[PDB]
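Asks: So I've got this file, structure10.cif, and it contains mmCIF, C-alpha atoms and all ligand atoms:
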data_coords
#
loop_
_atom_site.group_PDB
_atom_site.id
_atom_site.type_symbol
_atom_site.label_atom_id
_atom_site.label_comp_id
_atom_site.auth_asym_id
_atom_site.auth_seq_id
_atom_site.Cartn_x
_atom_site.Cartn_y
_atom_site.Cartn_z
ATOM 1 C CA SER A 7 -66.657 25.179 5.688
ATOM 2 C CA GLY A 8 -67.316 28.773 4.544
ATOM 3 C CA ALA A 9 -67.139 31.117 1.600
ATOM 4 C CA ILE A 10 -66.645 34.768 0.621
ATOM 5 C CA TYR A 11 -69.636 36.233 -1.288
ATOM 6 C CA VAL A 12 -68.495 39.303 -3.236
ATOM 7 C CA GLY A 13 -70.450 40.626 -6.238
ATOM 8 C CA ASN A 14 -71.589 37.586 -8.278
ATOM 9 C CA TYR A 15 -68.706 35.437 -7.039
ATOM 10 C CA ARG A 16 -68.407 32.703 -4.386
ATOM 11 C CA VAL A 17 -64.823 32.116 -3.161
ATOM 12 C CA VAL A 18 -64.205 28.749 -1.464
ATOM 13 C CA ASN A 19 -61.344 26.436 -0.593
ATOM 14 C CA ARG A 20 -60.669 24.440 -3.809
ATOM 15 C CA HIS A 21 -60.582 21.214 -1.748
ATOM 16 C CA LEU A 22 -64.161 21.899 -0.440
ATOM 17 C CA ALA A 23 -65.703 22.975 -3.786
ATOM 18 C CA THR A 24 -69.050 21.331 -4.654
ATOM 19 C CA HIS A 25 -70.268 19.957 -8.006
ATOM 20 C CA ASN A 26 -72.307 23.148 -8.463
ATOM 21 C CA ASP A 27 -69.084 25.183 -7.945
ATOM 22 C CA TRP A 28 -67.230 23.136 -10.633
ATOM 23 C CA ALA A 29 -70.229 23.402 -12.992
ATOM 24 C CA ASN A 30 -70.265 27.261 -12.621
ATOM 25 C CA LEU A 31 -66.490 27.747 -12.455
ATOM 26 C CA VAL A 32 -64.821 31.144 -12.890
ATOM 27 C CA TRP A 33 -61.216 30.373 -11.759
ATOM 28 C CA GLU A 34 -59.319 27.795 -9.714
ATOM 29 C CA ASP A 35 -55.713 27.393 -8.527
ATOM 30 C CA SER A 36 -54.578 24.236 -6.732
ATOM 31 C CA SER A 37 -51.293 25.881 -5.594
ATOM 32 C CA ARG A 38 -53.334 28.483 -3.640
ATOM 33 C CA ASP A 39 -56.197 26.158 -2.523
ATOM 34 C CA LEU A 40 -58.735 28.560 -4.076
ATOM 35 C CA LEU A 41 -61.758 28.199 -6.383
ATOM 36 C CA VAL A 42 -64.244 30.858 -7.488
ATOM 37 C CA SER A 43 -67.687 30.099 -8.904
ATOM 38 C CA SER A 44 -70.484 32.356 -10.207
ATOM 39 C CA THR A 45 -73.663 33.165 -8.211
ATOM 40 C CA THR A 46 -77.152 34.267 -9.207
ATOM 41 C CA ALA A 47 -77.567 36.570 -6.160
ATOM 42 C CA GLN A 48 -75.168 39.469 -5.261
ATOM 43 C CA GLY A 49 -73.094 39.070 -2.118
ATOM 44 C CA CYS A 50 -72.309 41.496 0.730
ATOM 45 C CA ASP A 51 -68.637 40.901 1.497
ATOM 46 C CA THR A 52 -66.107 43.503 0.348
ATOM 47 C CA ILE A 53 -62.452 42.585 -0.311
ATOM 48 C CA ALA A 54 -59.642 44.409 1.513
ATOM 49 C CA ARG A 55 -57.127 46.173 -0.732
ATOM 50 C CA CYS A 56 -54.442 46.935 1.808
ATOM 51 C CA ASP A 57 -51.256 46.005 3.575
ATOM 52 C CA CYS A 58 -52.632 44.850 6.977
ATOM 53 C CA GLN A 59 -50.829 42.153 8.976
ATOM 54 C CA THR A 60 -53.326 42.232 11.880
ATOM 55 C CA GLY A 61 -56.968 41.202 11.701
ATOM 56 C CA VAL A 62 -59.613 38.812 13.057
ATOM 57 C CA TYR A 63 -60.587 35.326 11.846
ATOM 58 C CA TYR A 64 -63.559 33.021 12.448
ATOM 59 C CA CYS A 65 -62.821 29.629 14.032
ATOM 60 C CA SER A 66 -65.833 27.261 13.661
ATOM 61 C CA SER A 67 -64.378 24.673 16.068
ATOM 62 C CA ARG A 68 -64.550 27.328 18.828
ATOM 63 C CA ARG A 69 -67.559 29.413 17.617
ATOM 64 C CA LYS A 70 -65.252 32.389 18.109
ATOM 65 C CA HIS A 71 -63.587 35.240 16.240
ATOM 66 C CA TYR A 72 -59.906 35.691 17.267
ATOM 67 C CA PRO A 73 -57.608 38.661 16.751
ATOM 68 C CA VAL A 74 -54.335 37.626 15.093
ATOM 69 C CA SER A 75 -51.055 38.898 13.701
ATOM 70 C CA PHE A 76 -50.275 37.138 10.391
ATOM 71 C CA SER A 77 -47.333 36.883 8.008
ATOM 72 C CA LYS A 78 -47.224 38.366 4.509
ATOM 73 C CA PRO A 79 -48.472 36.082 1.665
ATOM 74 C CA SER A 80 -45.660 33.634 0.913
ATOM 75 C CA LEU A 81 -44.735 30.190 -0.442
ATOM 76 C CA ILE A 82 -44.999 27.852 2.603
ATOM 77 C CA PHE A 83 -44.502 24.133 3.079
ATOM 78 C CA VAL A 84 -47.714 22.321 4.057
ATOM 79 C CA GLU A 85 -47.785 18.711 5.418
ATOM 80 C CA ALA A 86 -49.396 15.945 3.346
ATOM 81 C CA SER A 87 -53.078 15.475 4.035
ATOM 82 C CA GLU A 88 -56.012 13.696 2.405
ATOM 83 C CA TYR A 89 -56.601 16.760 0.144
ATOM 84 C CA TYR A 90 -53.031 17.499 -0.875
ATOM 85 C CA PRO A 91 -49.520 15.821 -1.220
ATOM 86 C CA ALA A 92 -46.833 17.466 0.960
ATOM 87 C CA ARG A 93 -46.097 20.537 -1.031
ATOM 88 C CA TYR A 94 -45.589 24.283 -1.311
ATOM 89 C CA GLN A 95 -48.737 26.339 -1.098
ATOM 90 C CA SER A 96 -48.480 29.877 -2.537
ATOM 91 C CA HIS A 97 -50.038 33.154 -1.303
ATOM 92 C CA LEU A 98 -50.396 31.644 2.214
ATOM 93 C CA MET A 99 -50.223 33.680 5.469
ATOM 94 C CA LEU A 100 -49.582 32.070 8.887
ATOM 95 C CA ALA A 101 -50.710 33.060 12.384
ATOM 96 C CA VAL A 102 -50.749 31.485 15.816
ATOM 97 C CA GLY A 103 -54.274 30.164 16.440
ATOM 98 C CA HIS A 104 -56.470 27.241 16.656
ATOM 99 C CA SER A 105 -57.468 25.570 13.321
ATOM 100 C CA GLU A 106 -58.614 21.942 13.207
ATOM 101 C CA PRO A 107 -60.012 19.983 10.384
ATOM 102 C CA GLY A 108 -63.484 21.545 9.488
ATOM 103 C CA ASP A 109 -62.291 25.206 10.034
ATOM 104 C CA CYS A 110 -61.250 25.880 6.396
ATOM 105 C CA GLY A 111 -63.431 28.588 4.875
ATOM 106 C CA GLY A 112 -63.597 30.837 7.924
ATOM 107 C CA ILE A 113 -62.953 34.493 6.997
ATOM 108 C CA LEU A 114 -59.928 36.546 8.007
ATOM 109 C CA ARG A 115 -60.751 40.297 7.887
ATOM 110 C CA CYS A 116 -59.189 43.649 8.742
ATOM 111 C CA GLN A 117 -60.641 47.190 8.975
ATOM 112 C CA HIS A 118 -60.713 47.351 5.125
ATOM 113 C CA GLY A 119 -62.665 44.150 4.459
ATOM 114 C CA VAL A 120 -62.049 40.444 3.777
ATOM 115 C CA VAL A 121 -58.373 39.442 3.589
ATOM 116 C CA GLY A 122 -58.657 35.673 2.963
ATOM 117 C CA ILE A 123 -60.010 32.328 4.217
ATOM 118 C CA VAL A 124 -58.687 29.598 6.514
ATOM 119 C CA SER A 125 -56.764 27.065 4.381
ATOM 120 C CA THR A 126 -54.392 25.183 6.875
ATOM 121 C CA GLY A 127 -54.223 24.202 10.626
ATOM 122 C CA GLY A 128 -52.376 22.065 13.235
ATOM 123 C CA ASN A 129 -49.608 22.754 15.777
ATOM 124 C CA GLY A 130 -51.282 25.906 17.152
ATOM 125 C CA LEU A 131 -50.890 27.460 13.676
ATOM 126 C CA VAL A 132 -53.577 28.660 11.216
ATOM 127 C CA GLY A 133 -52.826 29.376 7.544
ATOM 128 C CA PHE A 134 -54.944 31.764 5.394
ATOM 129 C CA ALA A 135 -55.239 31.826 1.604
ATOM 130 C CA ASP A 136 -54.891 35.507 0.684
ATOM 131 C CA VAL A 137 -57.344 37.069 -1.802
ATOM 132 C CA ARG A 138 -56.243 40.720 -1.715
ATOM 133 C CA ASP A 139 -54.319 40.463 -5.006
ATOM 134 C CA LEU A 140 -57.389 39.156 -6.917
ATOM 135 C CA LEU A 141 -58.506 42.550 -8.163
ATOM 136 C CA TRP A 142 -60.991 41.104 -10.641
ATOM 137 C CA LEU A 143 -63.245 40.010 -7.727
ATOM 138 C CA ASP A 144 -64.351 43.704 -7.551
ATOM 139 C CA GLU A 145 -65.664 43.882 -11.144
HETATM 140 N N1 LIG B 1 -54.598 23.855 2.086
HETATM 141 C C1 LIG B 1 -54.143 22.687 2.511
HETATM 142 O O1 LIG B 1 -53.173 22.119 1.999
HETATM 143 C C2 LIG B 1 -54.965 22.006 3.589
HETATM 144 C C3 LIG B 1 -55.900 20.948 2.980
HETATM 145 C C4 LIG B 1 -56.873 20.451 4.035
HETATM 146 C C5 LIG B 1 -56.113 19.836 5.194
HETATM 147 N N2 LIG B 1 -55.051 20.729 5.697
HETATM 148 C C6 LIG B 1 -54.838 20.918 7.015
HETATM 149 O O2 LIG B 1 -54.112 21.811 7.402
HETATM 150 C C7 LIG B 1 -55.427 19.911 8.000
HETATM 151 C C8 LIG B 1 -54.690 18.547 8.009
HETATM 152 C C9 LIG B 1 -53.780 18.559 9.229
HETATM 153 C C10 LIG B 1 -54.494 19.512 10.135
HETATM 154 S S1 LIG B 1 -54.604 19.879 11.790
HETATM 155 N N3 LIG B 1 -55.766 21.066 11.512
HETATM 156 N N4 LIG B 1 -56.051 21.173 10.252
HETATM 157 C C11 LIG B 1 -55.356 20.314 9.454
HETATM 158 C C12 LIG B 1 -54.156 21.334 4.697
HETATM 159 ZN ZN ZN B 2 -56.620 46.153 5.878
#
In structure tokens, what does this structure look like?
Replies:
Amino acid sequence: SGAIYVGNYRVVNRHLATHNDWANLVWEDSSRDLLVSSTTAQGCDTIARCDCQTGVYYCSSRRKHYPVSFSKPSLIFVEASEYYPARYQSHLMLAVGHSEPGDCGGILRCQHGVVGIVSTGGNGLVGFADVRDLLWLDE
């Protein structure tokens, strides 16, 4: 589990969104595994607006932040699970790292701010849904 809290927005994995998220919906995209809802309180996270391919992510199944190198946001094939049919997820970045079911929502960050959230795992790989192109999160 986990979210990004920027401005009056809450960014979560679409597959983990709650009823309150759906009832206060701003934007959602199943192909990216992202959903954004509105919040009453202002958040403290800032979004990175950069070209980094190195950063650090939080892994809840290890209680640890790991440094990683990650690929550029791309259209990647993700294996069928109980949340999605085998398919192509867009704006996804891959790294080598531990990610097990329960780790989605952990933040990936660089020196500029939040880059994205854990969206996939398995095989010693971790996939991150990028948010750096969502410029409207800053307004
Ligand atoms: N964004 C997605 O399509 C994810 C939906 C939630 C489930 N996804 C995963 O990657 C899960 C299922 C297989 C394993 S092993 N460690 N994590 C996972 C895929
Ligand atoms: Zn950066």
Asks: Identify, on the basis of all atoms listed in the file, every residue whose closest approach to segment 102-105 of chain A does not exceed 6 Å; exclude the query and any residue fewer than 5 positions from it along the same chain; express the result as a ChimeraX atom specification.
Replies: /A:127,130-132
Asks: Which residue gives the smallest distance to ligand LIG 1 (chain B) among A:115, A:20, A:69, A:78, with only C-alpha atoms and all ligand atoms counted?
Replies: A:20
Asks: Set out as JSON lines a contact list for segment 57-142 of chain A and segment 37-43 of chain A with a cut-off of 8 Å, giving each residue of segment 57-142 of chain A that qualifies its closest atom pair and distance in Å to one decimal, counting all atoms listed in the file, ordered by chain and rising residue number.
Replies:
{"residue": "A:94", "atom": "CA", "partner": "A:37", "partner_atom": "CA", "distance": 7.3}
{"residue": "A:95", "atom": "CA", "partner": "A:37", "partner_atom": "CA", "distance": 5.2}
{"residue": "A:96", "atom": "CA", "partner": "A:38", "partner_atom": "CA", "distance": 5.2}
{"residue": "A:97", "atom": "CA", "partner": "A:38", "partner_atom": "CA", "distance": 6.2}
{"residue": "A:98", "atom": "CA", "partner": "A:38", "partner_atom": "CA", "distance": 7.3}
{"residue": "A:125", "atom": "CA", "partner": "A:39", "partner_atom": "CA", "distance": 7.0}
{"residue": "A:135", "atom": "CA", "partner": "A:38", "partner_atom": "CA", "distance": 6.5}
Asks: Pick from A:44, A:52, A:67, A:117: nearest to ligand ZN 2 (chain B), with all atoms listed in the file counted?
Replies: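 Of A:44, A:52, A:67, A:117, the one nearest ligand ZN 2 (chain B), counting all atoms listed in the file, is A:117.
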Asks: With a distance cut-off of 10 Å and all atoms listed in the file, select the neighbouring residues of residue 120 of chain A, excluding the residue or stretch itself and same-chain residues fewer than 6 positions from it, and output the selection as a list in words.
Replies: residues 10, 12, 51, 52, 53, 54, 55, 61, 62, 63, 113, 114, 136, 137 and 138 of chain A
Asks: Got a sec to resolve the PyMOL selection byres (((not hetatm)) within 6 of (chain B and resi 2)) on this structure and send the residues as a PyMOL selection string?
Replies: chain A and resi 54+56-58+116-118
Asks: Would you kindly return, as a ChimeraX atom specification, each protein, DNA or RNA residue with an atom no farther than 9 Å from any atom of residue 111 of chain A, considering only C-alpha atoms and excluding same-chain residues fewer than 6 positions away?
Replies: /A:7-10,17-19,22,64,122-125
Asks: Could you spell out the hits of the PyMOL selection byres (((chain A and resi 143) around 8) and not hetatm) on the shown file, as a PDB file with C-alpha atoms, in the frame of the given file?
Replies:
ATOM      1  CA  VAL A  12     -68.495  39.303  -3.236  1.00  0.00           C
ATOM      2  CA  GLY A  13     -70.450  40.626  -6.238  1.00  0.00           C
ATOM      3  CA  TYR A  15     -68.706  35.437  -7.039  1.00  0.00           C
ATOM      4  CA  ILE A  53     -62.452  42.585  -0.311  1.00  0.00           C
ATOM      5  CA  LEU A 140     -57.389  39.156  -6.917  1.00  0.00           C
ATOM      6  CA  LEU A 141     -58.506  42.550  -8.163  1.00  0.00           C
ATOM      7  CA  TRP A 142     -60.991  41.104 -10.641  1.00  0.00           C
ATOM      8  CA  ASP A 144     -64.351  43.704  -7.551  1.00  0.00           C
ATOM      9  CA  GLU A 145     -65.664  43.882 -11.144  1.00  0.00           C
TER      10      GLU A 145
END
Asks: What does the structure give for the distance between atom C1 of ligand LIG 1 (chain B) and atom CA of residue 134 of chain A, in Å to one decimal?
Replies: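 Result for atom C1 of ligand LIG 1 (chain B) versus atom CA of residue 134 of chain A: 9.6 Å, one decimal.
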Asks: Using only C-alpha atoms and all ligand atoms, find the one residue out of A:65, A:74, A:86, A:29 that sits nearest to ligand LIG 1 (chain B).
Replies: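 That would be A:86, the residue with the smallest distance to ligand LIG 1 (chain B).
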Asks: Pick out the closest residue to ligand LIG 1 (chain B) from this set: A:79, A:21, A:73, A:32. Count only C-alpha atoms and all ligand atoms.
Replies: A:21
Asks: Find the residue from A:48, A:126, A:30, A:66 that sits nearest to residue 83 of chain A; use all atoms listed in the file when measuring.
Replies: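 Using all atoms listed in the file, the shortest distance to residue 83 of chain A belongs to A:126.
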Asks: Which is closest to residue 109 of chain A among A:139, A:68, A:90, A:85, if we use all atoms listed in the file?
Replies: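 Checking each candidate against residue 109 of chain A, we get A:68 as the closest.
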Asks: Please fill the gaps in segment 133-144 of chain A so it has N, CA, C and O atoms, and write that as a CSV table (one decimal), in the frame of the given file.
Replies:
chain,number,residue,atom,x,y,z
A,133,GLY,N,-53.3,28.8,8.8
A,133,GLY,CA,-52.8,29.4,7.5
A,133,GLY,C,-54.0,29.9,6.8
A,133,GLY,O,-55.1,29.3,6.8
A,134,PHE,N,-53.9,31.1,6.1
A,134,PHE,CA,-54.9,31.8,5.4
A,134,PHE,C,-54.5,31.9,3.9
A,134,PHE,O,-53.4,32.4,3.7
A,135,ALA,N,-55.4,31.5,3.0
A,135,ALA,CA,-55.2,31.8,1.6
A,135,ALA,C,-55.6,33.3,1.4
A,135,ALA,O,-56.8,33.7,1.5
A,136,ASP,N,-54.6,34.1,1.0
A,136,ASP,CA,-54.9,35.5,0.7
A,136,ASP,C,-55.7,35.7,-0.6
A,136,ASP,O,-55.6,34.9,-1.6
A,137,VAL,N,-56.6,36.7,-0.6
A,137,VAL,CA,-57.3,37.1,-1.8
A,137,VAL,C,-57.2,38.5,-2.2
A,137,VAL,O,-57.8,39.0,-3.2
A,138,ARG,N,-56.3,39.3,-1.5
A,138,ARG,CA,-56.2,40.7,-1.7
A,138,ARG,C,-55.6,41.1,-3.0
A,138,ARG,O,-55.8,42.2,-3.5
A,139,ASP,N,-54.9,40.2,-3.7
A,139,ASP,CA,-54.3,40.5,-5.0
A,139,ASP,C,-55.3,40.2,-6.1
A,139,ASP,O,-55.0,40.5,-7.3
A,140,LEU,N,-56.4,39.5,-5.9
A,140,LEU,CA,-57.4,39.2,-6.9
A,140,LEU,C,-58.3,40.3,-7.2
A,140,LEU,O,-59.5,40.4,-6.8
A,141,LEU,N,-57.8,41.3,-8.0
A,141,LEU,CA,-58.5,42.6,-8.2
A,141,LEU,C,-59.8,42.4,-8.9
A,141,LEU,O,-60.8,43.2,-8.7
A,142,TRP,N,-59.8,41.4,-9.8
A,142,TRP,CA,-61.0,41.1,-10.6
A,142,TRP,C,-62.2,40.7,-9.8
A,142,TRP,O,-63.3,40.8,-10.4
A,143,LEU,N,-62.1,40.3,-8.6
A,143,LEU,CA,-63.2,40.0,-7.7
A,143,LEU,C,-64.1,41.2,-7.6
A,143,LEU,O,-65.3,41.1,-7.3
A,144,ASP,N,-63.6,42.4,-7.7
A,144,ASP,CA,-64.4,43.7,-7.6
A,144,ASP,C,-65.1,44.2,-8.8
A,144,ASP,O,-65.8,45.2,-8.7
